[PDB]
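Form deposited in one PDB entry, single chain, as structure tokens, below.
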């Protein structure tokens, strides 16, 4: 049902298990914002799966073989051919992480005033699109915004919404389609191969380019192998390669599915766009031959991307997350369904039904979770959504969630039991969670540095 880890523990990381009362002052010191907690004070850190993964002995062997040359590093050539082989794109430009590649793509493929449409958004991805003069349009299926609706491939793009955008705005006013795999904001929800194929057929007929946000593409490929009909016999690698055959390029954060702690890259097939990308990367990231990464990190990322193609690795990765979700569901704890590839999202609206969204139930549930359990989680609700620029009012998302994000190969099922058991106990007296309000709020990107206080 739930497989054992398809690896052994090679080395362990020291942790501290501090008491509740000490956790209280830290939570107070952090303004009740888990983003402001210190790593050393956290038993199980589920803030994000980005850059928090455990590497393998093979990757660490590569770390000893860093060719740190400014140009022509063997590690770059290794990373280049690995991505060309596994993703199938013609050209690769390394970047220090995913948002470095997003900065490049948005400056290369967007004219001021054009539209960029995709299946929901991510913060840095949407920022670089809008800062380069684009207007974002969400074309995900309406079901993806419904936390409790348990349907497969919730991250699919609504082809009808896409056709509507092309007819009303014109294909020439659409910069590109930004297709994310998986869809982080909807709970790590996958996109079917049929949806990727249908988007490619519709966009190619209008000459509209398609670029993937591929940070969690391997988790996406597992869902296709598990649940999409006709792919149960295909390997993860074959599925990944076919996924990108429907794209003109991609932005990749190795910090997710490449099983590394730093790194990303930009891929594309177009020769002219690749030329302009190499001109722009030297300004922000570095040389086209290292792009803001040490040689050893290009090596670790090349090895890690190949490791992620092992079926047993990715099956266990996803099913460990599912185990935490299943234990929570069995105790009646409200969660986003179905469980995504990288995290379980607690539905703070149902968890904190005594609070309104103006009282920030997700931010307060995350604070309560750490104090009561020593687990750090991330607010993914009204605080992260920001304020509408025209009216200065809160954006009001249907998804008011607390994200329990699982780094790859770091924790065990017993750690998941600690998390689930603590949340299930907290759910018993959920009425005790107090509301929050801003005591400090920045002008932009308030989720990371804002401070709150109770009631």
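What we label the rigid core is the largest C-alpha set whose atoms superpose within 1.5 Å from one form to the other. Positions refer to the first chain, counted from 1.
The same protein has a further form, the form deposited in another entry, not shown here; the description that follows concerns it.
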Rigid-core superposed between the shown form and the other one, candidates 47, 30, 418, 54; the one over the 2 Å C-alpha cutoff or at it is 30
Given a core-based superposition, decide whether the C-alpha of residue 360 shifts by 2 Å or more between the shown form and the other one. yes
Core-aligned CA displacement of residue 439 at least 2 Å between the shown form and the other one: yes
Core-aligned CA displacement of residue 448 at least 2 Å between the shown form and the other one: yes
